[PDB]
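First residue of the sequence shown: 1, per the authors' numbering; consecutive thereafter.
We treat Cβ as the ideally placed atom computed from N, Cα and C, and that holds for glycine.
A short worksheet on the structure shown next.
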Amino acid sequence: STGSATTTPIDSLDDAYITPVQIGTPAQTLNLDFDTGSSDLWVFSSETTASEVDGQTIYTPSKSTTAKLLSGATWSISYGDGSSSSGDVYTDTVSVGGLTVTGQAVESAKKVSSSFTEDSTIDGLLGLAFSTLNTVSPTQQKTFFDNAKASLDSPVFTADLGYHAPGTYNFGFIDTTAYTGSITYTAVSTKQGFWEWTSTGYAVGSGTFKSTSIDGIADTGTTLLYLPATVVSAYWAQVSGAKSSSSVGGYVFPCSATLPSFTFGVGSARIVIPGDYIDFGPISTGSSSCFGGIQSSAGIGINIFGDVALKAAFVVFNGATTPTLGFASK
Numbered sequence: 001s002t003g004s005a006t007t008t009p010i011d012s013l014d015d016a017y018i019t020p021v022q023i024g025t026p027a028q029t030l031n032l033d034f035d036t037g038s039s040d041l042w043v044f045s046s047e048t049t050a051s052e053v054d055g056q057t058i059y060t061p062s063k064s065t066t067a068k069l070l071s072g073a074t075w076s077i078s079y080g081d082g083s084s085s086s087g088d089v090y091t092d093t094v095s096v097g098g099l100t101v102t103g104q105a106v107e108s109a110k111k112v113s114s115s116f117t118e119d120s121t122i123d124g125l126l127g128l129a130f131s132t133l134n135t136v137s138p139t140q141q142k143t144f145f146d147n148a149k150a151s152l153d154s155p156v157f158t159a160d161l162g163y164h165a166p167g168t169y170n171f172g173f174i175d176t177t178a179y180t181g182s183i184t185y186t187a188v189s190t191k192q193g194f195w196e197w198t199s200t201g202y203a204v205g206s207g208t209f210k211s212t213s214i215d216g217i218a219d220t221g222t223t224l225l226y227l228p229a230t231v232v233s234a235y236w237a238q239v240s241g242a243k244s245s246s247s248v249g250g251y252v253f254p255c256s257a258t259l260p261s262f263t264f265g266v267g268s269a270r271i272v273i274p275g276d277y278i279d280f281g282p283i284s285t286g287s288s289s290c291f292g293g294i295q296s297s298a299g300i301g302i303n304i305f306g307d308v309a310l311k312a313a314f315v316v317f318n319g320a321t322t323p324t325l326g327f328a329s330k
């Protein structure tokens with residue numbers, strides 16, 4: 001089997017992407033944030049504290065004839081950005097772009113933190129990291145991809161995120177029309193439960209490539225590119241007027257400035273992030289100070305190849321017995 005779904009930016013800045021997901025019988029369609037950095041499929045629901053729901057579409061398990069309470073199960077998650085949610089668990093039928101999993105754990109939120117309430121466009125998350133990170137207790141549950149894997153034509157999914165435009169998540173096949181050149185595959189460590197890999201280096205604009213190992217995660221659920229402070233400093237030093245603002249919480253730059261591209265290495269291959277992808281607009285409405293899309297990972301404890309990086313590539317998440325990641329230009 002295969003599936004194919006369009007993913008759409010939630011706003012004009014590509015702060016996140018939402019993909020429609022059918023849950024239950026009859027189908028209830030929710031727009032979920034596909035997150036290769038986590039491993040829980042959780043949704044706003046009829047069980048979510050009323051004051052914490054503000055425009056989201058909810059899953060109502062009592063209206064699904066295929067929903068079954070996962071008795072005794074609870075879940076609770078905290079994300080790198082400080083947000084969190086928790087609740088109980090049902091199993092139900094979940095379909096993405098034509099691909100159907102029966103008995104998928106659907107984690108129903110009883111509580112969500114303010115950032116989730118305040119974002120009316122995201123109805124939940126669909127985790128695509130390794131199932132070892134799943135927070136359901138007492139019995140850890142599998143991701144949608146893990147459940148689908150054996151049925152797929154090939155045990156892979158691909159992320160093809162758009163710049164200021166829709167893109168595509170595919171399951172079970174590689175669309176050879178969706179990228180240029182070849183796909184370069186690189187080793188993955190699953191030891192922390194992430195799609196963790198090692199970039200071979202970077203270049204800033206037309207500068208020479210610096211060969212240096214950068215360990216990080218391919219994370220569709222993180223907006224920006226977070227890299228070591230040395231790398232980030234070298235980038236922003238090429239932007240006139242850029243500075244790191246402690247009050248804002250990262251590098252900002254005058255919108256009148258031209259942003260250089262940023263190149264990262266995948267083996268001997270190179271992915272070029274165009275300068276425009278690194279512009280995240282005014283820090284506040286009407287401000288001439290713009291927020292940068294490449295920021296320091298210092299104090300995150302890991303480097304994160306978030307959407308800024310991934311949207312410059314066609315990315316293969318290969319769930320073969322020994323997982324790997326593939327990157328192509330597009």
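Cα-Cα separation, residue i to residue j
| i | j | result |
| --- | --- | --- |
| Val204 | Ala73 | 48 Å |
| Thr223 | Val308 | 6 Å |
| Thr212 | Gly281 | 30 Å |
| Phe317 | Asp279 | 27 Å |
| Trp195 | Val188 | 6 Å |
| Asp54 | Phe44 | 10 Å |
| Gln141 | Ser71 | 13 Å |
| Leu69 | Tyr90 | 4 Å |
| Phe157 | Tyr235 | 31 Å |
| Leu41 | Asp153 | 23 Å |
| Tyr79 | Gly127 | 12 Å |
| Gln28 | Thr19 | 13 Å |
| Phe116 | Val106 | 17 Å |
| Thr7 | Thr36 | 14 Å |
| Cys290 | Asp160 | 26 Å |
| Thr2 | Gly167 | 17 Å |
| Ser256 | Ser288 | 8 Å |
| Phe253 | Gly286 | 14 Å |
| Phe314 | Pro138 | 37 Å |
| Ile214 | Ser151 | 34 Å |
| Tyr226 | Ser120 | 26 Å |
| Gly103 | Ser245 | 48 Å |
| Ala165 | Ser86 | 32 Å |
| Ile217 | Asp14 | 19 Å |
| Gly97 | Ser12 | 24 Å |
| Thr220 | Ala5 | 15 Å |
| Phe130 | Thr177 | 28 Å |
| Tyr59 | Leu125 | 13 Å |
Other residues of its chain near residue i: CB distance less than 8 Å, five sequence neighbours each side excluded
| i | result |
| --- | --- |
| residue 331 | A question about residue 331 goes unanswered here, because the residues of the chain that appear run from 1 up to 330. |
| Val101 | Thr93, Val94, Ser95, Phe144, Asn147, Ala148 |
| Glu118 | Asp54 |
| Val136 | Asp40, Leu70, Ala73, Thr74, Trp75, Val89, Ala105, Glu107 |
| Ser268 | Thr184, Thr200 |
| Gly82 | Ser113, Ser115 |
Residues that residue i bridges to, as DSSP identifies them
| i | result |
| --- | --- |
| residue 339 | Only positions 1 to 330 of the chain appear in this structure, which leaves residue 339 out of reach. |
| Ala203 | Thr263 |
| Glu107 | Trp42, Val89 |
| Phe317 | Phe157, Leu325 |
| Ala187 | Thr324 |
| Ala5 | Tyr169 |
| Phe253 | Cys290 |
| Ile304 | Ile217, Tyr226 |
| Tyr17 | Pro9 |
| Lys210 | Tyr202 |
| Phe130 | Per DSSP, none; premise fails for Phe130. |
| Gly124 | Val43 |
Nearest-angstrom Cβ-Cβ length linking residue i and residue j, presumed shorter than 8 Å
| i | j | result |
| --- | --- | --- |
| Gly172 | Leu99 | 7 Å |
| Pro155 | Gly319 | 4 Å |
| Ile300 | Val248 | That pair is no contact at about 17 Å. |
| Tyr185 | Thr322 | Between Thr322 and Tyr185 the Cβ distance is about 11 Å, and since that is not below 8 Å, they are no contact. |
| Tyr179 | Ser329 | 7 Å |
| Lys191 | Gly201 | Rounded, the Cβ-Cβ distance is 23 Å, inconsistent with contact. |
| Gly265 | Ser182 | Between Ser182 and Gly265 the Cβ distance is about 15 Å, and since that is not below 8 Å, they are no contact. |
| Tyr251 | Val232 | 7 Å |
Sequence-distant residues of the same chain with beta carbon closer than 7 Å to residue i, five excluded per side
| i | result |
| --- | --- |
| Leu133 | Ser38, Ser39, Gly193 |
| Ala229 | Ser296, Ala298 |
| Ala16 | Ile10, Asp33, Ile122, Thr223 |
| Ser84 | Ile77, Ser78, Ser113 |
| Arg270 | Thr263 |
| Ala67 | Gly24, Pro61, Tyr90, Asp92 |
Cutoff 6 Å; reference residue i; Cβ partners in own chain excluding five residues on either side
| i | result |
| --- | --- |
| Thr57 | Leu30, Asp123 |
| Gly275 | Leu259, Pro260, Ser261 |
| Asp175 | none |
| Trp197 | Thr186, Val188, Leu325 |
Closer than 7 Å: residue i CB and nearest the ligand GDP heavy atom
| i | result |
| --- | --- |
| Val272 | Of ligands this structure carries none, so the ligand GDP is not represented either. |
Assess, as a yes-or-no matter, whether the stretch 40 to 58 is touched by the stretch 111 to 127 under the definition of 3 or more beta carbon pairs within less than 8 Å.
At 8 Å Cβ cutoff, the stretches touch.
Could you tell me whether the stretch 55 to 66 touches the stretch 16 to 35, where touching means 3 or more Cβ pairs closer than 8 Å?
The stretch 55 to 66, when compared against the stretch 16 to 35, does touch it at the 8 Å Cβ threshold.
Is it a yes or a no for the stretch 300 to 307 touching the stretch 232 to 249, going by three-plus beta-carbon pairs under 8 Å?
In short, these stretches do not touch, since the Cβ pair count stays below three.
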